[PDB]
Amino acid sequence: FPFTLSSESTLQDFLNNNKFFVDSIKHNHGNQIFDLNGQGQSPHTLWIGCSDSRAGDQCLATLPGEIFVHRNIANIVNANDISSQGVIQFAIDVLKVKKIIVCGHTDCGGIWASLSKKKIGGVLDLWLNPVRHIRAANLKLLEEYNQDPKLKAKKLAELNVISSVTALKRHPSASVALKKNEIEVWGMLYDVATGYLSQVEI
């Protein structure tokens, strides 16, 4: 379409996009940024967000070596998910990030599925359980946005962000550094139709 790449696009087409990424960085910064990249990483921020192609840490327009990223379906931080827990562990314990952003977004597939109770199948029903819990736990509140789907899904999306932030703060290395005031934590919402990022109230 109006996108840089397509289904039909070739391997070389991909490598052309990548040669552009290098040329652009080099054009604005010389070799200095890859020289830094190539010695170590010292990112300032951990971003935890949905896997969704339209959400994504891109929205912050940072350079390589600024943001440590974890992305998964519906930006769920669960204590038993070893994928999340390693990333958080490593981010706080090794990289010493000073900010953590948990970012959800509008039109989230996990959020919408969790509202309409038809079993998705495979492993997805299990993966989404905590969201299905969050909806059940907040039924009255959600009910008050009943008269508009997109807003109910959005309220749920926000509740999910808050849920993930609490779980994040209860992480052992997080909880320590948080109370030593070494770290800062934010919930956010990404608006898919506008590209704007707003802060969730916590």
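Quick note: we count residues from 1 along the sequence shown, nothing fancier.
*Asks:* Can you tell me which stretch has the higher mean Cα B-factor, 42 to 50 or 170 to 178?
*Replies:* The deposited B-factors put 170 to 178 ahead on the C-alpha mean.
*Asks:* May I ask you to compare 127 to 135 and 112 to 120 by their mean CA B factor in the entry and name the higher one?
*Replies:* Looking at the recorded C-alpha B-factors, 112 to 120 comes out higher on average.
*Asks:* By the entry's C-alpha temperature factors, tell me which of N28, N160, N146, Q58 sits highest.
*Replies:* If I rank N28, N160, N146, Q58 by C-alpha B-factor, first place goes to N146.
*Asks:* Just grab whichever of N18, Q12, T194, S24 has the top CA B-factor as deposited.
*Replies:* When the deposited C-alpha B-factors of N18, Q12, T194, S24 are compared, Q12 is largest.
*Asks:* Please place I183 in the lowest, middle or highest third of its chain according to the CA B-factor in the PDB entry.
*Replies:* Highest third of the chain for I183's C-alpha B-factor.
*Asks:* Sort the modelled residues of this chain by their C-alpha B factor and say whether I76 lands in the lowest, middle or highest third.
*Replies:* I76: CA B-factor falls in the lowest third of its chain.
*Asks:* Looking at the entry's B-factor column for C-alpha atoms only, identify whether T62 ranks in the lowest, middle or highest third of its chain.
*Replies:* Its C-alpha B-factor belongs to the lowest third of this chain's values.
*Asks:* What third of the chain does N37 rank in for C-alpha temperature factor, lowest, middle or highest?
*Replies:* Middle third, going by the recorded CA B-factors of the chain.
*Asks:* Sorting the chain's modelled residues by C-alpha B-factor, tell me whether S198 ends up in the lowest, middle or highest third.
*Replies:* As the PDB entry reports it, the C-alpha B-factor of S198 lands in the middle third of its chain.
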